[PDB]
Amino acid sequence: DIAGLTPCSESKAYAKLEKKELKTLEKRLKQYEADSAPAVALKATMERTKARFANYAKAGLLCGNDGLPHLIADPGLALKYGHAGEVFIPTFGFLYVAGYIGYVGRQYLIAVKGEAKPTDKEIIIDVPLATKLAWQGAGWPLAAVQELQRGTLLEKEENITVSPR
Amino acid sequence: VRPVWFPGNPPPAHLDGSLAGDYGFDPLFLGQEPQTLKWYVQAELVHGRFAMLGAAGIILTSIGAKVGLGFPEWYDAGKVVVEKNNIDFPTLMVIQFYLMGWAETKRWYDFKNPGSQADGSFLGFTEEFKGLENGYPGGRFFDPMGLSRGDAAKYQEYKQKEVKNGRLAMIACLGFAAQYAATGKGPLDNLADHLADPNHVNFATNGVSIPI
Amino acid sequence: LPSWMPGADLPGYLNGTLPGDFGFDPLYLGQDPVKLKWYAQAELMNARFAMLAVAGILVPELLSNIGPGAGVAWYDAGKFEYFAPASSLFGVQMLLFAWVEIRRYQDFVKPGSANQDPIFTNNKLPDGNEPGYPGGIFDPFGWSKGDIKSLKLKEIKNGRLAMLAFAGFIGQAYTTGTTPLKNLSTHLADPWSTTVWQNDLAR
Amino acid sequence: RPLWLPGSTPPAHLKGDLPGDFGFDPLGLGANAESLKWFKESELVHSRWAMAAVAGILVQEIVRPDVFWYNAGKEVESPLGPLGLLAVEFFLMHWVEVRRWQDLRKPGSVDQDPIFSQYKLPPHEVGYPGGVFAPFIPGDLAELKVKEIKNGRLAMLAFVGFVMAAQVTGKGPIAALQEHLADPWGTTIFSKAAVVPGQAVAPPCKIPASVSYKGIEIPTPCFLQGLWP
Amino acid sequence: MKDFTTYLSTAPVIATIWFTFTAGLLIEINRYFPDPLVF
Amino acid sequence: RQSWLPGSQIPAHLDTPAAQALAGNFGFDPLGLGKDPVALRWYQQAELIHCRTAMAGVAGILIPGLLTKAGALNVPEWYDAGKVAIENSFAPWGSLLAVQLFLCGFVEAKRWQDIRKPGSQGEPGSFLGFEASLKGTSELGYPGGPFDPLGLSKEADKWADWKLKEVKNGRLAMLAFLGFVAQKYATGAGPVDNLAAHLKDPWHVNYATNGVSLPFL
Ligand code: CLA
Ligand SMILES: CC1=C[C@H](O)CC(C)(C)[C@H]1/C=C/C(C)=C/C=C/C(C)=C/C=C/C=C(C)/C=C/C=C(C)/C=C/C1=C(C)C[C@H](O)CC1(C)C
Ligand SMILES: CC1=C[C@H](O)CC(C)(C)[C@H]1/C=C/C(C)=C/C=C/C(C)=C/C=C/C=C(C)/C=C/C=C(C)/C=C/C1=C(C)C[C@H](O)CC1(C)C
């Protein structure tokens with residue numbers, strides 16, 4: 001497929017690694033009783049192992065010459081060959097939650113600078129104001145591009161600089 | 001002057017005796033703020049009214065269950081109602097959360113704004129969802145027989161009786177739960193077992209409550 | 001003043017100026033006077049088409065039970081020949097009713113503006129316009145002697161009764177699956193075993 | 001002014017104005033006047049239905065024996081269908097009840113006959129219409145109202161006694177009275193059931209189970225059977 | 001009680017509560033959804 | 001006034017004379033997205049466009065979907081209609097999408113520049129003869145001229161009612177289309193089939209029983 005990588009459902013070293021991990025787990029299993037708690041724990045481990053290999057072969061992952069899932073990081077190649085759920089959807093999910101955190105922190109800072117004790121609100125957190133901004137920060141990309149388009153996202157050159165600027 | 005939960009100690013400053021059931025019992029000082037005490041008064045009333053309602057359900061169902069009427073015991077009643085009728089469990093759960101969330105959200109935003117649910121926005125109703133006190137929403141619906149507006153001293157007596165029976169039913173429901181967790185039986189079965197041998201069938205014979 | 005429920009409080013915008021003003025508006029649908037104008041005209045139109053509909057369902061079935069080209073039920077009227085397909089008749093119906101309907105609507109928008117015959121420019125309705133109540137050639141037999149009021153109220157009562165009757169015919173025919181005069185014959189044969197509750201619980 | 005307990009004091013909202021007022025309100029249910037109007041009307045209506053019911057059960061047992069009045073809805077026969085009788089009762093009672101309720105909520109607003117514009121019922125108090133409802137009166141209203149509420153309270157107690165004596169013994173009121181006249185020491189409610197902290201015994205319900213009507217199997221339970229003895 | 005909630009409003013206490021909430025939320029997600037690599 | 005929650009406080013930006021007179025104002029901005037009035041103007045426009053195309057789309061779902069359960073109009077499902085239509089068509093879907101991108105881009109850019117300046121598309125010379133009828137009607141989002149042929153916008157006393165009926169039917173059609181999407185993924189049948197299944201057994205066929213929407217039960 002991409003870069004000479006076989007799919008994991010077609011790869012043989014993938015099945016070999018699955019069989020090898022099941023073999024290690026059953027070699028650890030065969031020295032206990034039938035209905036004992038280590039036996040139940042190792043059977044749950046084997047169940048999760050089989051379910052994980054079935055889920056990785058189900059999702060269309062690409063395996064290499066060693067039988068391990070490889071990820072594709074190019075928007076067009078992954079959207080073309082159906083690999084968008086491994087980098088592209090995760091990178092926009094991360095940018096949503098990271099900009100969430102940053103926008104809530106920025107709104108807390110601008111909310112506490114307008115008082116007689118900004119540092120005292122920085123040490124001891126105003127919990128109702130923090131929860132209010134935490135719930136209101138779900139529309140952070142819209143509010144971010146609106147603050148970008150008004151010129152209120154940036155401070156002007158009233159910033160602190162050195163004598164050679 | 002007034003009877004305190006612990007004779008000899010004075011009551012705290014935030015508990016004056018204006019509240020129903022005000023015995024000065026706040027050793028952890030959970031209600032020093034008046035708004036937090038207001039919220040806890042309403043939470044106490046809601047827990048108490050649910051415990052009275054549920055405890056009367058426990059007692060009536062157990063009376064009907066010991067005598068051979070076919071009633072289940074209360075730890076089996078939900079399973080045998082869902083299985084006897086053709087009721088699916090999650091749809092009845094979601095319908096319960098729908099109706100209860102409607103009513104409880106009305107109560108919530110009437111705590112937040114203390115007269116606001118009688119603006120006529122709900123269907124046409126006005127002053128029938130206006131409250132009277134914190135946790136005392138008597139109008140035409142919630143007080144249809146009209147006892148909160150005549151003989152106000154008798155209404156304070158009913159407030160005292162309501163808080164006392166509610167605390168008694170809360171410790172009764174905790175009793176049913178812990179009682180079944182130890183004995184594994186219905187509660188009036190345990191009452192009959194205590195009436196059989198009082199000196200020998202009690203919590204000092206289970207092996208659970210005192211494991212010595 | 002007659003109420004739909006004696007002793008009840010009546011809405012203030014209902015004042016007897018309309019025919020059949022009994023104060024019945026529990027959902028407060030006509031607080032706007034403009035909406036009340038539209039609803040009065042729509043009540044007249046739905047009522048008069050319902051009166052013609054209930055006559056056209058009664059009288060052929062009332063004549064088919066006694067001693068004429070077809071004795072077919074009203075809901076099976078589409079599956080009959082009528083010298084032509086129903087589509088061409090639909091087209092003729094929509095053209096001629098587009099003409100008549102748009103002329104009536106232009107009367108309702110501007111009263112006193114749709115009165116005279118456009119081809120034969122001397123034929124004309126008189127100046128007593130009253131949107132919804134044309135007159136002239138629409139009253140050819142010399143009525144409205146008893147002034148206008150009692151006949152308007154009879155008109156709206158027979159019309160509301162026929163609207164309820166047509167909602168009847170649709171419901172009764174959808175439930176019982178049969179013709180309405182045969183349903184009346186079954187109610188007259190044994191009313192105590194043929195109610196709505198009996199036929200509902202018979203399912 | 002006689003009282004329910006001679007010697008005590010009536011509640012402050014019970015002056016003695018209404019008929020049958022003997023100062024009996026321990027729960028304080030009549031301290032609201034707007035409630036007390038509704039409860040006076042409801043007391044009169046319950047009392048009149050219960051008087052007519054007790055007279056119906058007594059005349060029904062005297063005139064037509066071997067018909068247990070608790071089985072009157074079951075073993076009646078008529079070419080009148082059950083749903084047709086229930087429909088006639090529904091529409092006619094909905095009519096009468098809504099007329100009376102409109103007189104309640106609007107005092108004196110349904111006095112006039114709707115069909116005939118001649119006949120208007122005279123002005124009155126709520127609960128006591130008069131006119132065609134009272135063509136003949138023996139004596140004065142100020143004593144007959146007291147007689148009416150006394151006979152009515154007594155007949156309400158009589159009807160719940162009929163229901164309990166029918167669910168416990170399975171016999172009519174005259175038959176159960178002859179049972180109590182045969183063995184008075186042995187046929188009482190104390191003589192049939194007892195609860196002691198050892199054990200509890202209750203009478204068996206003489207009404208068996210869900211009663212089979214015409215293919216519907218009406219459930220027929222006995223009133224609060226777990227809390228009986 | 002006001003001072004106890006002010007102390008609970010301090011920075012290391014809130015950082016402890018919030019990281020306990022965040023770590024517990026991630027732990028419950030990785031329990032009920034074992035081993036997510038894609039989607 | 002009317003609110004989405006009786007008792008909650010209305011935000012201060014939705015309680016202004018410029019916001020109270022818009023259409024369908026119920027004080028519903030818990031995320032505070034409309035605090036900037038330029039942003040609230042832009043979001044009014046986006047709401048009107050989503051309302052109108054959601055109504056037109058949901059009508060194209062329902063009326064062919066209701067009439068296909070009646071006699072005429074053998075119409076496929078909306079999640080299958082594009083494939084049957086492109087089998088019956090004359091062009092491939094990419095060419096048709098390119099044509100609709102040019103045709104929609106022209107119109108949308110007209111509306112874009114009319115948002116950026118209200119008195120914009122009434123330049124003389126800019127259009128052959130449609131330049132004088134491509135202005136607004138003093139309220140942006142509500143154009144006149146060739147748009148609105150029947151002249152119903154002319155009457156002033158019905159006008160807030162027409163606006164508020166439009167915004168209520170539009171918000172409701174947006175919920176309808178999002179329900180079409182979710183119902184399509186959870187069940188795999190059509191929306192009229194979902195309505196027939198909820199009418200046949202309501203207490204057993206709903207989203208607590210589909211096994212998708214809340215999988216902890
Ligand atoms: C971080 C830098 C970066 C690099 C080095 C690549 C590299 C590649 N891209 Mg990717 N891509 C990227 C980021 C990048 N991408 C970003 C940010 C986007 C969103 C705008 C895309 C969206 C995208 C699409 C839609 C496609 C690619 C494709 C490709 C491959 C060939 C492209 C080419 O020949 O043009 C020279 C490379 C560049 C100018 C680097 C920038 C890439 C731009 C954004 C897209 C170029 C697409 C190209 C014109 C289409 C070629 C068609 C192909 C059949 C020959 C190549 C592996 C194509 C592919 O799938 O090939 C198999 C393809 O169709 N990319
Ligand atoms: C005051 C104070 C103060 C200071 O500061 C501190 C301190 C001391 C800490 C505090 C104290 C506290 C306490 C004691 C608490 C307790 C509580 C409770 C117990 C509750 C319950 C509560 C309880 C409750 C609600 C309950 C309820 C119940 C119910 C509903 C039931 C139900 C049911 C029934 C019927 C039957 C069926 O079959 C089943 C069921 C479902 C099971
Ligand atoms: C307000 C606010 C504010 C605050 O601040 C916050 C918050 C809350 C967040 C917010 C909210 C929001 C929301 C809810 C939103 C939603 C939206 C939507 C749903 C849309 C849709 C929307 C929708 C839409 C457009 C749609 C449309 C549709 C269409 C066209 C369709 C089409 C079609 C058809 C016909 C058929 C064929 O076969 C195919 C197709 C092609 C498919």
# chains A, B, ... in the order shown; residues from 1 in each chain; ligands from 1
$ interface_residues --of "chain E" --to "chain A" --cutoff "6 Å" --atoms "only C-alpha atoms" --output "ChimeraX atom specification"
/E:9-11,38-39
$ select_by_dssp --residues "chain D" --states "alpha helix (DSSP H)" --output "compact mmCIF listing (two decimals) with N, CA and C atoms, in the first residue's frame"
# COMPACT_ATOMS: atom_id res chain seq x y z
N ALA D 33 -60.46 29.75 54.13
CA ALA D 33 -61.86 29.89 53.76
C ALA D 33 -62.11 29.40 52.33
N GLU D 34 -61.16 29.68 51.43
CA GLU D 34 -61.28 29.23 50.04
C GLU D 34 -61.19 27.71 49.94
N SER D 35 -60.49 27.08 50.88
CA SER D 35 -60.55 25.62 50.98
C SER D 35 -61.87 25.17 51.59
N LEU D 36 -62.35 25.91 52.60
CA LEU D 36 -63.52 25.48 53.37
C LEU D 36 -64.80 25.49 52.55
N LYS D 37 -64.89 26.39 51.56
CA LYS D 37 -66.02 26.36 50.62
C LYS D 37 -66.05 25.06 49.83
N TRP D 38 -64.89 24.68 49.27
CA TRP D 38 -64.74 23.43 48.53
C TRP D 38 -65.04 22.22 49.40
N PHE D 39 -64.59 22.24 50.66
CA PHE D 39 -64.79 21.07 51.50
C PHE D 39 -66.22 20.97 52.02
N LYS D 40 -66.91 22.11 52.20
CA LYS D 40 -68.34 22.06 52.52
C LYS D 40 -69.13 21.46 51.37
N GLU D 41 -68.82 21.89 50.14
CA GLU D 41 -69.47 21.31 48.96
C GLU D 41 -69.18 19.82 48.84
N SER D 42 -67.93 19.42 49.11
CA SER D 42 -67.57 18.01 48.98
C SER D 42 -68.20 17.16 50.08
N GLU D 43 -68.37 17.74 51.27
CA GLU D 43 -69.02 17.04 52.37
C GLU D 43 -70.49 16.78 52.03
N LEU D 44 -71.17 17.80 51.51
CA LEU D 44 -72.56 17.65 51.09
C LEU D 44 -72.71 16.62 49.97
N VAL D 45 -71.80 16.63 48.99
CA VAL D 45 -71.93 15.72 47.86
C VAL D 45 -71.64 14.27 48.26
N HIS D 46 -70.55 14.04 49.03
CA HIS D 46 -70.27 12.71 49.57
C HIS D 46 -71.40 12.20 50.45
N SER D 47 -71.99 13.08 51.28
CA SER D 47 -73.05 12.66 52.18
C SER D 47 -74.32 12.28 51.42
N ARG D 48 -74.65 13.03 50.36
CA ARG D 48 -75.86 12.72 49.60
C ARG D 48 -75.70 11.45 48.78
N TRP D 49 -74.53 11.25 48.15
CA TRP D 49 -74.28 9.99 47.46
C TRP D 49 -74.26 8.80 48.41
N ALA D 50 -73.75 8.98 49.63
CA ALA D 50 -73.70 7.87 50.56
C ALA D 50 -75.07 7.56 51.15
N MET D 51 -75.91 8.58 51.37
CA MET D 51 -77.28 8.33 51.81
C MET D 51 -78.06 7.57 50.75
N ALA D 52 -77.96 8.00 49.49
CA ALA D 52 -78.62 7.29 48.41
C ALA D 52 -78.05 5.88 48.24
N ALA D 53 -76.76 5.70 48.52
CA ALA D 53 -76.15 4.38 48.40
C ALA D 53 -76.61 3.43 49.49
N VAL D 54 -76.68 3.90 50.74
CA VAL D 54 -77.13 3.05 51.83
C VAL D 54 -78.60 2.69 51.67
N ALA D 55 -79.42 3.65 51.24
CA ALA D 55 -80.82 3.35 50.94
C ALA D 55 -80.94 2.36 49.78
N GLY D 56 -80.05 2.48 48.79
CA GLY D 56 -80.07 1.54 47.68
C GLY D 56 -79.68 0.13 48.08
N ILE D 57 -78.67 -0.01 48.94
CA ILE D 57 -78.24 -1.33 49.38
C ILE D 57 -79.28 -1.97 50.29
N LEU D 58 -79.92 -1.17 51.15
CA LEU D 58 -80.95 -1.70 52.04
C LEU D 58 -82.20 -2.14 51.28
N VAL D 59 -82.71 -1.28 50.38
CA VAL D 59 -83.88 -1.65 49.59
C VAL D 59 -83.54 -2.77 48.61
N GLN D 60 -82.30 -2.81 48.12
CA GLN D 60 -81.87 -3.86 47.20
C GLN D 60 -81.77 -5.21 47.90
N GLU D 61 -81.45 -5.21 49.20
CA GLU D 61 -81.40 -6.49 49.91
C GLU D 61 -82.78 -6.91 50.40
N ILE D 62 -83.64 -5.95 50.76
CA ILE D 62 -84.99 -6.30 51.22
C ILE D 62 -85.84 -6.79 50.05
N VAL D 63 -85.89 -6.02 48.97
CA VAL D 63 -86.82 -6.31 47.87
C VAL D 63 -86.34 -7.52 47.07
N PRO D 82 -72.96 -2.95 28.27
CA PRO D 82 -72.19 -2.29 29.35
C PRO D 82 -71.56 -0.97 28.92
N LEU D 83 -70.98 -0.92 27.71
CA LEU D 83 -70.37 0.31 27.24
C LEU D 83 -71.42 1.37 26.91
N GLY D 84 -72.62 0.96 26.50
CA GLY D 84 -73.67 1.93 26.24
C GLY D 84 -74.19 2.58 27.51
N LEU D 85 -74.39 1.77 28.56
CA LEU D 85 -74.75 2.31 29.87
C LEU D 85 -73.65 3.21 30.42
N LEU D 86 -72.39 2.80 30.25
CA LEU D 86 -71.28 3.61 30.73
C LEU D 86 -71.15 4.91 29.94
N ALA D 87 -71.51 4.89 28.65
CA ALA D 87 -71.45 6.11 27.84
C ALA D 87 -72.56 7.08 28.21
N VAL D 88 -73.78 6.56 28.43
CA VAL D 88 -74.89 7.40 28.88
C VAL D 88 -74.55 8.02 30.24
N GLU D 89 -74.01 7.21 31.15
CA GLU D 89 -73.61 7.72 32.46
C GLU D 89 -72.51 8.76 32.34
N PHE D 90 -71.54 8.53 31.44
CA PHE D 90 -70.43 9.46 31.27
C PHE D 90 -70.90 10.82 30.78
N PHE D 91 -71.69 10.85 29.70
CA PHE D 91 -72.12 12.14 29.15
C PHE D 91 -73.09 12.86 30.08
N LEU D 92 -74.05 12.14 30.67
CA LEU D 92 -75.05 12.80 31.50
C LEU D 92 -74.45 13.28 32.83
N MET D 93 -73.56 12.47 33.44
CA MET D 93 -72.90 12.91 34.66
C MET D 93 -71.87 14.00 34.40
N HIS D 94 -71.20 13.99 33.24
CA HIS D 94 -70.28 15.07 32.89
C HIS D 94 -71.04 16.38 32.77
N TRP D 95 -72.23 16.33 32.16
CA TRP D 95 -73.13 17.48 32.09
C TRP D 95 -73.48 18.02 33.48
N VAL D 96 -74.07 17.16 34.32
CA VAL D 96 -74.59 17.59 35.63
C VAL D 96 -73.47 18.09 36.54
N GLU D 97 -72.36 17.36 36.54
CA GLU D 97 -71.20 17.72 37.34
C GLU D 97 -70.59 19.05 36.91
N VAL D 98 -70.51 19.31 35.60
CA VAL D 98 -69.93 20.57 35.14
C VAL D 98 -70.87 21.74 35.44
N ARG D 99 -72.19 21.52 35.40
CA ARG D 99 -73.13 22.56 35.83
C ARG D 99 -72.94 22.91 37.31
N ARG D 100 -72.83 21.88 38.15
CA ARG D 100 -72.65 22.10 39.59
C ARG D 100 -71.30 22.75 39.90
N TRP D 101 -70.24 22.31 39.21
CA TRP D 101 -68.92 22.89 39.40
C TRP D 101 -68.84 24.33 38.92
N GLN D 102 -69.57 24.67 37.85
CA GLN D 102 -69.61 26.06 37.41
C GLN D 102 -70.36 26.93 38.41
N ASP D 103 -71.39 26.38 39.06
CA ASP D 103 -72.02 27.11 40.15
C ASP D 103 -71.08 27.27 41.34
N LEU D 104 -70.21 26.29 41.57
CA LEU D 104 -69.21 26.40 42.63
C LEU D 104 -68.24 27.55 42.33
N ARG D 105 -67.52 27.46 41.21
CA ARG D 105 -66.44 28.41 40.95
C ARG D 105 -66.96 29.79 40.58
N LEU D 141 -85.40 25.43 57.05
CA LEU D 141 -84.11 25.00 56.52
C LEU D 141 -83.02 24.93 57.59
N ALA D 142 -83.09 25.77 58.62
CA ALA D 142 -82.03 25.86 59.62
C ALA D 142 -81.92 24.61 60.48
N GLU D 143 -82.97 23.79 60.55
CA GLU D 143 -82.89 22.49 61.19
C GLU D 143 -82.76 21.34 60.20
N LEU D 144 -83.34 21.48 59.01
CA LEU D 144 -83.27 20.41 58.01
C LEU D 144 -81.86 20.26 57.44
N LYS D 145 -81.09 21.35 57.36
CA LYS D 145 -79.70 21.24 56.95
C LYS D 145 -78.88 20.45 57.96
N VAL D 146 -79.14 20.68 59.25
CA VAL D 146 -78.45 19.95 60.31
C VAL D 146 -78.85 18.48 60.28
N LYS D 147 -80.14 18.21 60.06
CA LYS D 147 -80.62 16.83 59.92
C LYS D 147 -79.99 16.14 58.71
N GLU D 148 -79.86 16.88 57.62
CA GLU D 148 -79.25 16.36 56.40
C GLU D 148 -77.77 16.01 56.55
N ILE D 149 -77.00 16.87 57.23
CA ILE D 149 -75.59 16.60 57.42
C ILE D 149 -75.38 15.49 58.46
N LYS D 150 -76.26 15.39 59.46
CA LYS D 150 -76.14 14.32 60.45
C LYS D 150 -76.46 12.94 59.84
N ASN D 151 -77.61 12.82 59.17
CA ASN D 151 -77.95 11.58 58.45
C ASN D 151 -76.90 11.25 57.38
N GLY D 152 -76.30 12.26 56.75
CA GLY D 152 -75.28 12.02 55.75
C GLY D 152 -73.95 11.53 56.26
N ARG D 153 -73.46 12.11 57.36
CA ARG D 153 -72.26 11.60 58.02
C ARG D 153 -72.47 10.18 58.52
N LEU D 154 -73.66 9.92 59.08
CA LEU D 154 -73.98 8.58 59.56
C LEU D 154 -74.05 7.58 58.41
N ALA D 155 -74.53 8.01 57.24
CA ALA D 155 -74.59 7.12 56.09
C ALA D 155 -73.24 6.94 55.40
N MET D 156 -72.34 7.92 55.48
CA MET D 156 -70.97 7.72 55.01
C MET D 156 -70.26 6.65 55.83
N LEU D 157 -70.39 6.75 57.16
CA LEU D 157 -69.87 5.70 58.04
C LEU D 157 -70.54 4.36 57.77
N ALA D 158 -71.84 4.39 57.46
CA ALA D 158 -72.57 3.18 57.12
C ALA D 158 -72.07 2.55 55.83
N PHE D 159 -71.70 3.36 54.84
CA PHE D 159 -71.25 2.78 53.57
C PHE D 159 -69.87 2.17 53.70
N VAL D 160 -68.96 2.82 54.44
CA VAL D 160 -67.65 2.17 54.61
C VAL D 160 -67.76 0.95 55.52
N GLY D 161 -68.73 0.95 56.44
CA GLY D 161 -69.02 -0.27 57.18
C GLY D 161 -69.57 -1.38 56.31
N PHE D 162 -70.39 -1.02 55.31
CA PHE D 162 -70.90 -2.01 54.36
C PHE D 162 -69.78 -2.63 53.55
N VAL D 163 -68.85 -1.79 53.08
CA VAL D 163 -67.74 -2.28 52.26
C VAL D 163 -66.83 -3.20 53.07
N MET D 164 -66.50 -2.82 54.31
CA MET D 164 -65.64 -3.66 55.12
C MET D 164 -66.34 -4.94 55.57
N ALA D 165 -67.63 -4.86 55.92
CA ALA D 165 -68.36 -6.05 56.32
C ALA D 165 -68.62 -6.98 55.14
N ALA D 166 -68.64 -6.45 53.92
CA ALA D 166 -68.77 -7.31 52.75
C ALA D 166 -67.45 -7.95 52.37
N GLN D 167 -66.33 -7.24 52.57
CA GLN D 167 -65.04 -7.84 52.26
C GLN D 167 -64.59 -8.84 53.32
N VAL D 168 -65.06 -8.69 54.56
CA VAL D 168 -64.62 -9.58 55.63
C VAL D 168 -65.55 -10.79 55.78
N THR D 169 -66.86 -10.58 55.78
CA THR D 169 -67.81 -11.67 55.99
C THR D 169 -68.33 -12.27 54.69
N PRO D 173 -75.49 -6.40 54.49
CA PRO D 173 -75.60 -5.74 55.81
C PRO D 173 -76.68 -6.32 56.71
N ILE D 174 -77.84 -6.68 56.17
CA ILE D 174 -78.88 -7.29 56.99
C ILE D 174 -78.48 -8.71 57.38
N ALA D 175 -77.81 -9.43 56.48
CA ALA D 175 -77.35 -10.78 56.79
C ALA D 175 -76.23 -10.77 57.82
N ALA D 176 -75.30 -9.81 57.72
CA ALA D 176 -74.26 -9.67 58.74
C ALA D 176 -74.83 -9.18 60.06
N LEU D 177 -75.89 -8.37 60.02
CA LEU D 177 -76.54 -7.95 61.26
C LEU D 177 -77.24 -9.12 61.93
N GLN D 178 -77.86 -10.01 61.15
CA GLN D 178 -78.44 -11.21 61.73
C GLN D 178 -77.37 -12.18 62.21
N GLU D 179 -76.19 -12.15 61.59
CA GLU D 179 -75.05 -12.92 62.10
C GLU D 179 -74.58 -12.39 63.45
N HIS D 180 -74.53 -11.07 63.61
CA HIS D 180 -74.20 -10.47 64.90
C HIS D 180 -75.32 -10.64 65.92
N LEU D 181 -76.57 -10.77 65.48
CA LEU D 181 -77.65 -11.02 66.42
C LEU D 181 -77.73 -12.49 66.82
N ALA D 182 -77.17 -13.39 66.01
CA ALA D 182 -77.12 -14.79 66.41
C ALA D 182 -76.06 -15.04 67.47
$ interface_residues --of "chain D" --to "chain B" --cutoff "8 Å" --atoms "only C-alpha atoms" --output "number ranges by chain"
D: 28-29, 31-32, 35, 197-198, 226-227
$ write_last_selection --atoms "N, CA and C atoms" --output "mmCIF file, in the first residue's frame"
data_model
loop_
_atom_site.group_PDB
_atom_site.id
_atom_site.type_symbol
_atom_site.label_atom_id
_atom_site.label_comp_id
_atom_site.auth_asym_id
_atom_site.auth_seq_id
_atom_site.Cartn_x
_atom_site.Cartn_y
_atom_site.Cartn_z
ATOM 1 N N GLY D 28 -56.908 20.845 61.368
ATOM 2 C CA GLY D 28 -56.961 22.229 60.932
ATOM 3 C C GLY D 28 -57.122 22.388 59.437
ATOM 4 N N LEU D 29 -58.002 21.603 58.826
ATOM 5 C CA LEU D 29 -58.158 21.584 57.380
ATOM 6 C C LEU D 29 -59.097 22.669 56.872
ATOM 7 N N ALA D 31 -58.956 25.984 57.988
ATOM 8 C CA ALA D 31 -58.457 27.299 58.375
ATOM 9 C C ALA D 31 -58.393 28.248 57.186
ATOM 10 N N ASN D 32 -58.296 27.714 55.973
ATOM 11 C CA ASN D 32 -58.461 28.514 54.770
ATOM 12 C C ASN D 32 -59.937 28.546 54.391
ATOM 13 N N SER D 35 -60.492 27.076 50.881
ATOM 14 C CA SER D 35 -60.548 25.625 50.978
ATOM 15 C C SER D 35 -61.866 25.172 51.589
ATOM 16 N N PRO D 197 -47.658 -9.213 69.713
ATOM 17 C CA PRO D 197 -46.256 -9.282 69.251
ATOM 18 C C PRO D 197 -45.725 -10.682 68.942
ATOM 19 N N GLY D 198 -46.388 -11.745 69.387
ATOM 20 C CA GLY D 198 -46.062 -13.071 68.903
ATOM 21 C C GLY D 198 -46.451 -13.270 67.452
ATOM 22 N N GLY D 226 -53.496 -6.152 53.664
ATOM 23 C CA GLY D 226 -52.348 -6.338 54.522
ATOM 24 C C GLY D 226 -52.392 -5.596 55.837
ATOM 25 N N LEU D 227 -53.248 -4.586 55.964
ATOM 26 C CA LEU D 227 -53.312 -3.737 57.148
ATOM 27 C C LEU D 227 -54.615 -3.955 57.908
#
$ atom_distance --atom1 "atom CA of residue 49 of chain C" --atom2 "atom CA of residue 106 of chain C"
19.7 Å
$ interface_residues --of "chain C" --to "chain F" --cutoff "10 Å" --atoms "only C-alpha atoms" --output "list in words"
residues 32, 34 and 35 of chain C
$ residues_near_ligand --ligand "ligand 3" --cutoff "10 Å" --atoms "only C-alpha atoms and all ligand atoms" --output "JSON, numbers by chain"
{"A": [136, 138, 139], "F": [27, 28, 29, 30, 31, 32, 33, 34, 35, 43, 46, 47, 49, 50, 51, 52, 53, 54, 55, 56, 57, 58, 59, 60, 61, 62, 64, 65, 75, 76, 77, 78, 79, 80, 81, 82, 83, 84, 85, 170, 171, 172, 173, 174, 175, 176, 177, 178, 179, 180, 181]}
$ closest_atom_pairs --of "chain E" --to "chain B" --cutoff "12 Å" --atoms "only C-alpha atoms" --output "CSV"
residue,atom,partner,partner_atom,distance
E:1,CA,B:32,CA,6.5
E:2,CA,B:33,CA,7.6
E:3,CA,B:32,CA,10.8
E:4,CA,B:30,CA,10.3
E:5,CA,B:30,CA,10.7
$ closest_residue --among "A:34, A:62, A:29, A:77" --to "ligand 1" --atoms "only C-alpha atoms and all ligand atoms"
A:77
$ residues_around --residues "residue 39 of chain F" --least-positions-apart "6" --cutoff "12 Å" --atoms "only C-alpha atoms" --output "VMD selection string"
(chain A and resid 142 to 150) or (chain F and resid 13 32 to 33 45 to 47 115)
$ write_last_selection --atoms "C-alpha atoms" --output "short mmCIF file (atom, residue, chain, number, x, y, z; two decimals), in the first residue's frame"
data_model
loop_
_atom_site.label_atom_id
_atom_site.label_comp_id
_atom_site.auth_asym_id
_atom_site.auth_seq_id
_atom_site.Cartn_x
_atom_site.Cartn_y
_atom_site.Cartn_z
CA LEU A 142 -14.95 31.43 17.32
CA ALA A 143 -14.01 33.87 20.09
CA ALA A 144 -10.33 33.50 19.15
CA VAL A 145 -10.87 34.42 15.50
CA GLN A 146 -13.18 37.26 16.56
CA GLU A 147 -10.51 38.67 18.89
CA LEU A 148 -8.04 38.21 16.03
CA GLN A 149 -10.19 40.17 13.58
CA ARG A 150 -10.80 43.10 15.97
CA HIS F 13 -25.37 41.58 25.13
CA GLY F 32 -21.06 34.13 25.22
CA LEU F 33 -20.41 33.89 21.48
CA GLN F 45 -26.46 36.04 9.03
CA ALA F 46 -25.06 32.53 9.50
CA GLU F 47 -28.17 31.53 11.45
CA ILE F 115 -22.68 41.74 4.44
#
